[PDB]
Amino acid sequence: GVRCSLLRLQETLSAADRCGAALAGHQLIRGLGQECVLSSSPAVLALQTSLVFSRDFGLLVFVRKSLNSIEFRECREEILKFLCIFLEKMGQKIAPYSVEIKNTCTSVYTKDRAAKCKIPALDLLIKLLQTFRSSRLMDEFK
DNA sequence: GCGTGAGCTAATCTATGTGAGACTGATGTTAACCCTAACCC
């Protein structure tokens, strides 16, 4: 929600001693998402994807940027719990940048060796919740 | 007829450990083939 999301939470995965500040990241991601209750012109639908999912400073890419971070692979799991249930808003017909987010979720599936009921079974509800609300563009999913 | 919130107990769920089944390769053992102390015709 707040534009300062990059400044506040991209700093977290830059410093050493990743043991700790995972709860700080959890507080940041709860604050950015408590604002999701508003429904009058959010104007952040196209903003989040370029910020939380982009290959440059996204958060789903913070699995390829989390592989070496074993201490930040279960903490990453715990923050991405809420980061992946963030999609829980079935009141929009918008489908921007869903094509690449599909394979991003596929990568999230084929990345984590553990938390198999915590990172998976938490992803791939984009399928059957977000996707298959489709067959209007349907370029690559099937 | 039916929503909606609280507490609970059932159901996980991964980390770690242990054993059963399949497998693989180094090894030593038995064995085919031949040579050798020694004598003595």
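Residues numbered from 1 in each chain as written, not as in the entry; some residues may be left out. Chains lettered and ligands numbered in written order. Part of a larger assembly, values for the part shown. Heavy atoms only, no water.

Method information in the entry identifies cryo-EM as the source of the structure, with 3.58 Å recorded as the resolution.

Let us look at the side chain of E77. By secondary structure assignment, the location of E77 is in helix α4 (residues 71-85). Despite its burial, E77 pairs with no opposite charge, the nearest such side chain being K118 at 4.1 Å. Setting aside residues no more than four positions away along its own chain, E77 makes contact with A115, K118 and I119. (Helix = DSSP H or I, 4+ residues; strand = E, 2+ residues; numbered from the N terminus. Buried < 20%, exposed > 50% of the residue type's maximum accessible area, 1.4 Å probe, protein only. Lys, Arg positive; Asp, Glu negative; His and termini not counted. Salt bridge = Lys/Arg side-chain N within 4 Å of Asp/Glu carboxyl O. Contact = heavy atoms within 4.5 Å.)

Under the criterion given, the structure shown has three cavities of 30 Å³ or more. Its boundaries defined by the atoms lining it, the largest cavity holds a volume of some 90 Å³. Around the largest cavity, the lining residues are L9, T12, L13, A21, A22, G25, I29, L59, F62, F72 and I79. Every element with two or more residues in the lining of the largest cavity is listed here: α2 (22-34) and α4. Ranked by residue count, the leading element in the lining of the largest cavity is α2, at three residues. Considered class by class, the residues forming the lining of the largest cavity number nine nonpolar, two polar and no charged. Approximately 70 Å³ is the volume found for the second largest cavity. Taken together, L59, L60, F62, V63, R76, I79, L80, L83, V108 and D112 form the lining of the second largest cavity. (1 Å grid on protein atoms, 1.4 Å probe; cavity = no way out; pocket = protein on both sides within 12 Å on 5 of 7 lines; lining within 4 Å. Points joined across faces, edges and corners; volume = space filled by probe spheres on them. Nonpolar A, V, L, I, M, F, W, Y, C, P; charged D, E, K, R; others polar.)

All residues in the neighbourhood of DNA strand B are listed as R113, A115, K116 and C117. A distance of 3.0 Å is found between a phosphate oxygen of DNA strand B and a backbone nitrogen or oxygen belonging to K116. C117 is positioned such that a nitrogen or oxygen atom in its backbone is 3.1 Å from a phosphate oxygen of DNA strand B. Taken together, the residues of the surface near DNA strand B break down into two nonpolar, no polar and two charged. (Near = heavy atom within 4 Å. Polar contact = N/O pair within 3.5 Å; in protein donor to acceptor, adjacent residues only side chain to side chain.)

This part covers the pattern of salt bridges. In the structure shown here, the tally under the stated rule is one salt bridge. A salt bridge links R76 to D112, with the nearest nitrogen and oxygen atoms 2.7 Å apart. Of this pair, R76 sits in helix α4 while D112 is found in the loop between α5 (98-109) and α6 (126-130), placing the two residues 36 residues apart along the sequence. Accessibility assignment for this pair places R76 and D112 in one class, buried.

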